[PDB]
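Subsequent text provides C-alpha cells for two forms of one protein chain, presented individually as structure 1 and structure 2.
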Structure 1
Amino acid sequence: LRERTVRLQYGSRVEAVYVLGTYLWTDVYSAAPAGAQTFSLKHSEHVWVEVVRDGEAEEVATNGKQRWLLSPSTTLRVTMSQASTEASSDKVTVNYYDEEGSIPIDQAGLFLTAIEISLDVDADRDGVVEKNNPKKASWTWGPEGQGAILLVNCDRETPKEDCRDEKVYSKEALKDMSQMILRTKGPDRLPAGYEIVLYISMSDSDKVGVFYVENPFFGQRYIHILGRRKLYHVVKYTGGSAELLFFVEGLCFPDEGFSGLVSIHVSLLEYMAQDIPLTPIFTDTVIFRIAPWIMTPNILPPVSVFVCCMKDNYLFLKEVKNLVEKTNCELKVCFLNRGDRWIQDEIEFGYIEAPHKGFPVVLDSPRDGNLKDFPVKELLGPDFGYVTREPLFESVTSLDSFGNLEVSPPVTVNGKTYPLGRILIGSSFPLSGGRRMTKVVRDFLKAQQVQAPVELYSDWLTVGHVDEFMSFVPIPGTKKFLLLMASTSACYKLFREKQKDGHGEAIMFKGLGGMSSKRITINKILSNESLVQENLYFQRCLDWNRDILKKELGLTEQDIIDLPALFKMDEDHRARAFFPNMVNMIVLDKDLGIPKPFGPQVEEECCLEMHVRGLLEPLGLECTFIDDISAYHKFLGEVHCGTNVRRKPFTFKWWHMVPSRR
C-alpha cells in the first residue's frame, strides 16, 4: 500500500531490500545514456513489473522483447508478494537502445532481497498477539475500538515497585507485561549495509520498559533493551521465518501532561557512509495505552474486609467478625505508629485491567509531614500494586485524606452513560478561599478519565470528608441502588416526636462513662437554640450537596434515603459529629455494618437504631450496628477505628467506554 521511490542508477546496478507490504516506483529515465530512445526490460519470476505511462499501468512479462519510448513520465512499478530465500534471484533489468539498431547500448538493473518485517501487538484486545493488525498504529475507544493495552507494573514480585527500576528477575513477573513480537521472514542474512533497530522517544523513555527473554546456558535471562537511558536497541537478525518475543511494562499512570499513550518503533536502517546518519528504509509502529487506575463503588461484590483498631477494642472486633461471618468475605485485621483511621484515610483500593491480566492497586494518600511521612508500603506485594502522588509546593490538608475520596455506582446522566460510575471528592466553594484536595491528586484522578470526577462540598465539615455525609447501598434483589444522605432535619423531627411522646428525658450516650456527667437528653438537645441554628445551616450544606449529586449522578428523590444525623459547630464554623455518623457504613451486599449511634433510649432500644432499621429493613437490607466507641468511654466527634473493603472489579471493560473529548 505504501509506495517507495527506488531509482535505477546511470550505468550502475542498484541493490535494495524490499519490505513486503510496500511497493516501488522506479525511474528508468535518469539512468538512460544520453541519446537513448527506447528501453526494454526483463524480470525474475517473483518480481511483478508494470510499465506506467501517465498513470496507465501495464503488466510486463519476465522476458519480453517489448520496447517503450523513454520519457520522464514513463516509469516502472515493482511489486513482490513473497520473501526472498537463498534460492532466489530477484531482479529487474532494463536495456536501453538508441535510434539506429536493436542491440542494447547499455543496461541498468535492480537486484532485490525481499523480507517481511512486522512489529505485532494484541491490538484487537483478545490476549493473543495477532499478525500485523492494520490498526495497531492507533488507539481507539469503545466496543469497536482497537489498539494494545499496557499495565503499569506497580506491584512487587520479590520482597519499591517493580517499575522503579530496569531489572527483571522471575518468570512470574513477565505475566504483568504485554507481549510484543517482531516477526521477520527472509534469507540467511540481511544484505550488506542494513540493520534492524527497535526504538522509542526520549519522552516515552520514562513511561515504558522493554525486556527480551533469552535462554543461555546457565538459565533464563531477561535483558532490558528500551526504557530509561536506552532509546534504541540493535536487533540480531535471523533468517527463515523468525519471531523475537519482547515484554513491555508501563512505568507511569496517565496524569497531567501524559495522555497514557506511548509508541514503540522498529526500523530497517541503511548504512550510507561514515559520518552520515543511517537512512530509515522502512519503519513500523505500534501504540500502547497505559491502563487507568479505577475505583470500586459499594455496589460491587466485596472480597476482603480490612480493619484497623487498637488491640483491646473487643466489641468492635467481635461485631465486625460477626458481620463478616454473615458473608463470604475474608477479614483482615491490623493493630503502625499513628493514624487510627489510616486503613480508611491513607489508602484507596482500586484496580487495573488489561485483556491478559489485572490486579488490585492501592493508592496512598499524600504525606503532610506532621502525622504521615512514611508511605504505606506494607501492602505492596505480588499482584497487589502501589501508587502515590506527592505535592511539590502545595500543603496537605484533611481534604487529601481518602475518607474524602469515594465513587458512585454506574449512572446515566442526560443520556450519557458512566459504566464505571463517577469519582466524588469534597471541596469548598470557588470564591470561598476554603480547603481543596491537592491539585496533584485531583489531576491524577481526572487523568484516568474513565471515572469522570465530580467535586462535592465537604469544607463545611471540620474533618472535611465526603464519607462523613453520604454513601451508596444496593437495593437487594435488583440492579438498583440508593444514595444515603445524613440529615439533621430528620434527626430533629424524630427527637421532637419522641419529646411529644413523653420521652424528653431519654438520655443519650448510655454506657459511655465519660459522657455521663453531661447528662445529655432529648430535652437538653431541643432546648439549645444556638445548636438548632447550627444544624439548620448544616442541613443547607447537605442539601447543596444533594442537588449536585442529583444533577451529576442523574438521581431523583426516589433514589435517596435520609439518615438522622447531628453536628456541633467548631470555632471555624465547621461541623463535627454530635453522635457517630451512621451514614459511613460497611456495605457488604445486603449486609450493612452501621456505626452504633448511642442515641436516646426509648423502651430500652436506641430510637436512632430503630428509626434506621425502619427505613432500611423494608428494602431487604440487614442492619448490624457496630460499636467502635465504647472502648474509649466517650464520643468527641472522632472515630478511632477504620475499615476498607476490597471489591471485585466491574465486569464492564474500561476500554469499551467512550469518554468525552478532553
Structure 2
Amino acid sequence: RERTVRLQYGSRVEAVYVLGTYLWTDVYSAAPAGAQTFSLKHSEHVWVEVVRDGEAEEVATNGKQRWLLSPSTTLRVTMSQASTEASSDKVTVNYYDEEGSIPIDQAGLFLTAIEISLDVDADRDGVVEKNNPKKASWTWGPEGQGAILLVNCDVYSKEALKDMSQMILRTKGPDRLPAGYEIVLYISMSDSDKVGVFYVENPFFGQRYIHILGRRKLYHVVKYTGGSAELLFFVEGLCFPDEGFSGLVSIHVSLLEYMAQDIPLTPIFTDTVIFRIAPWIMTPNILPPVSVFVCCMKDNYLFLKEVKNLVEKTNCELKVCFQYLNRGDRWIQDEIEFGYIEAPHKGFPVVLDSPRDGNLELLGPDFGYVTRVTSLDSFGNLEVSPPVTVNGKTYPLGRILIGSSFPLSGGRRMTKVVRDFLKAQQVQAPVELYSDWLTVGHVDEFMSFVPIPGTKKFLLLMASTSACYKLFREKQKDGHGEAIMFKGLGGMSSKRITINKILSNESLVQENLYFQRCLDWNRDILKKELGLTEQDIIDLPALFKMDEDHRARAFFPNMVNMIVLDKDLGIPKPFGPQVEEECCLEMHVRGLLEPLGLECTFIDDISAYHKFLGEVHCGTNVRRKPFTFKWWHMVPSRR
C-alpha cells in the first residue's frame, strides 16, 4: 500500500510510518518559488528513492546529488524496521535556485515507524499466526482460509472465555505514539448484534475481562505500549447464520490522527480481519452413538427395562428423563434436536430446544443450548441423511430432510423461521419431503437410515403398506387368517382384530393403497436427491388408518422409527399376528435385517397403556460423535 505524505516548507512534517506501507512524497510543493533543483539527505533506516516520471533510483544517506525540480519527480520512502528510542528517522530536502550551490531553503520529514497488525487464526490450525495475508477474506474448502467464530450457546473471568476465538493486536514501536495519534478497534452497527469482544482494560489492577465491542459499543480506544507488545482479545458469535445474515462479520483497527477540535480524526492506517460464525450441524444415524436419551412415564416399566438391556449391549450410556408439564410425551424426540458446532480450536454438541408450552429441562454442562404452529414444526419432522454424492456433487455432511406438503396443496408446512435457519447453515443443503399425508406429519413416521455393519455404506428404511398386505395375504393363504393382533393388550381384546378382519376391510385397503402412493412419492424424491438406487432401500411392513382429513395414523406401531446404535437396533414392538407363537411382523423384519449383520431388539412402549390408538407415549434421541470431515472444508454452491 502506497500512502501520500507531502512536505511543507521552511518547516517540518512529522508522520507515523506503518510497516507494510510506503510513502510517496511530493517535494515540489514545498519548494520556494523560483527554486530550480533539489538535493536530499536521510537517516540509516529510511530508504529513499527519487522517482522521475516513474523511473526510480535509490539515493544514499549523504550524497551531493541534485535533480531538477518537477511535479513529476517525487520521492518514494520506505522503512523496514520499527523505530526505537535510539532512532532518529528522517529525510531532509534542500532547495537551490539557479544562482549558486548553497541551499536557499529546506523541508524535512521526521518519521516514527511502528508495526500494527490485527491477527487471527486464518489458516485454521488453532494458533494465531502473524499477519496472515488472507486474513481479511473468508474462503471455503481444503485450501480455504479465514478465521472461525463459535456462537456462545450458554466483568468476566478468563476461564469462562476459553471457548472463544482469539484475536491479537500485535504492535512494535518506541515508548509512545507521537502527539496526536490513537489506536481504535471497531465494528459496524450491523455487526454489533452478531458479535462481542472482551479484554482486560486495566491489567495493572487485575485480570477482569470486560466487554468492549458489541451491542451499543461500536469502538474501543486501546492503550499503546512501546517495544514489542500484544493485546489479547476474545471474540464470541452472538447468533447463527439466518435469512438475512450470511455468517460473516468483520473487526477493524485504525490508527487515527488528530486534526483539530470539531474535526473528525483521520484514519491513517486500517487493518481488518473477517470471521465466519460456525453453522449448526445435524448428526445422521451412521455416526457413533455416545449417549441415548429417553423419555416416558415413570411406570412404563417394560420400555425402561428393554431400552436398558439394549443399551447394555453397547458402549453407550443411557440417560432417563421423565415427563414435564410444559412438554409433550415425546419431547426428547420432538422438542430437542442434537447437533454440534466446531471451530479449529474447539467444538461442542449443541441442542436446539423448542418446548411445547415454552420453558419453565436440560441435561449437562457439556452441551450448548439454543431455545426458541403446526405439528410439522416438531423435530420428529427433521432428519439428516448420511454423506452422499449426487450426480458428481458431494454432500460430505449429508443433507437435512424436512417434511412438507405439495406446493399447490394449501397444506401444512414447517414454519419459515426454522426452514430459513436450516437453509442458512448451508452445509447440509436441505431437501423437502412430503409428510402432510400423515395426521401428525413427521418424516420419522415413515423413514430412517441405518449403517450396514462392516462397511461404510448405509440403507434407507421405508414404511411399506404393500409389504404388510403381501405378508398378511401369504399368512392367510397358509391357514393363519384367524391369527389375532394386539395379543396381551387388554383394551384391544374386544375388537378381535385378526388377519382375516384386516384383509376383508375394503375401505382400509383403498386407504392404504393411497398411503403407499404417498410413500412412493417420497421414495422417488429421496432416490433423486440422495443418489440412491433400489439396492439401497429396505421396505418394512406398515399399516395406517385414515382420519377425516384423509391423513394417516399408525394402525400398529411404526417400526421404522427405531433407535440406531451401530449394529444394534431398538425397534418398536409391532404386536402383529402370532404364527407358531411368534409375531409374524417381528419374524419378517428379522429376515430382512439380520442377514446384513443388523441385530434386532424389539422394544415394547405400548403395553403400559393397554391399547394402541396410533399415538406413541415415549421418545428417544441419540447424541452422536461429530463427523470427522471439517465443515469448513466443504465447498457449498453459491447462493
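One-based numbering along structure 1's sequence throughout. Throughout, rigid core stands for the largest set of C-alpha atoms superposing within 1.5 Å between the two forms.
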Core aligned, which of 297, 147, 366, 564 has the Cα that shifts 2 angstroms or more between structures 1 and 2?
366
Take the rigid core as the frame of reference and indicate whether the C-alpha of residue 215 shifts by 2 Å or more between structures 1 and 2.
yes
Any chance the CA of residue 552 moves 2 angstroms or more between structures 1 and 2, core superposed?
no
Under a superposition restricted to the rigid core, does residue 383 display a Cα displacement of 2 angstroms or more between structures 1 and 2?
yes
Given the rigid core as reference frame, how large is the C-alpha shift of residue 501 between structures 1 and 2? Answer in angstrom.
0.1
Upon rigid core superposition, what is the positional shift of the Cα of residue 11 between structures 1 and 2, expressed in Å to one decimal?
2.4
